[PDB]
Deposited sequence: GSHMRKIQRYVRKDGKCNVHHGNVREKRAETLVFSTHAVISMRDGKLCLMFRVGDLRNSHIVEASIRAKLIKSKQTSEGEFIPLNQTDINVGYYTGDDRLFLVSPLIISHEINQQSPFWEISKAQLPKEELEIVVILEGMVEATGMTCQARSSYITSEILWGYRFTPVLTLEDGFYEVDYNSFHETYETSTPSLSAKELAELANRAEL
């Protein structure tokens, strides 16, 4: 049952005519053995967004080994830059995933360490509005208390009579799932041996 028709029209949202929401929370949990920070990003019901892309910054004041204090310092969280998976094809809500690896700022952050960290994730979508011919930027924010450790996003997408429908009342909904409380670094150590 096709997601996209041969002519490029999408079988989503029966009877559409082709403000953008981010999930209120972010989740952390395992996917294929890798620990992932994930948040959700909705489509615009009534228009495509050409050249869509997602990026995320980490706002976190820091001190260099030489004592320079950098308030609200920015660093770029990896959400598919290298493989071009940041280039979105937004035609229904997507879970964006940041794999927490050796280069990720969350490498050394455990379930317990987490609420003691003072940091904020800024998510930024940017694209051109299909109809409007204009460049949009949509932004949102997550702080330490809004990253739910050990959770996943409820799915929202069902197939009904040859179109795909979105239950937007589940958009922000998440559920709990068995998930180690160790930091990614620790997990790596433990696993390797």
The record leaves without C-alpha coordinates the deposited-sequence stretches 1 to 7, 26 to 30, 206 to 208
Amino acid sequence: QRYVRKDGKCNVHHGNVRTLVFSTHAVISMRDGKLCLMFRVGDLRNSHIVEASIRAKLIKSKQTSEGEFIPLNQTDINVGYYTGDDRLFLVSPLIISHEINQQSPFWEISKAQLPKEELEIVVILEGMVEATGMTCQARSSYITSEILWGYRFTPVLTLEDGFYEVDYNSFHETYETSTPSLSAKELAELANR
From here on, numbers count along this sequence of modelled residues.
What stretch has the higher average Cα B-factor here, 25 to 33 or 126 to 134?
-> 126 to 134
Could you check the entry and say whether 52 to 60 or 162 to 170 has the higher mean CA B-factor?
-> 162 to 170
CA B-factor placement of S104, once the chain's modelled residues are sorted into thirds | lowest
Relative C-alpha B-factor of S47, binned into the chain's lowest, middle or highest third | highest
Taking the entry's C-alpha B-factors for this chain, is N78 in the lowest, middle or highest third?
-> lowest
Ranked against its chain, the third holding the CA B-factor of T179 = lowest
What third of the chain, by the recorded C-alpha B-factor, contains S110?
-> middle
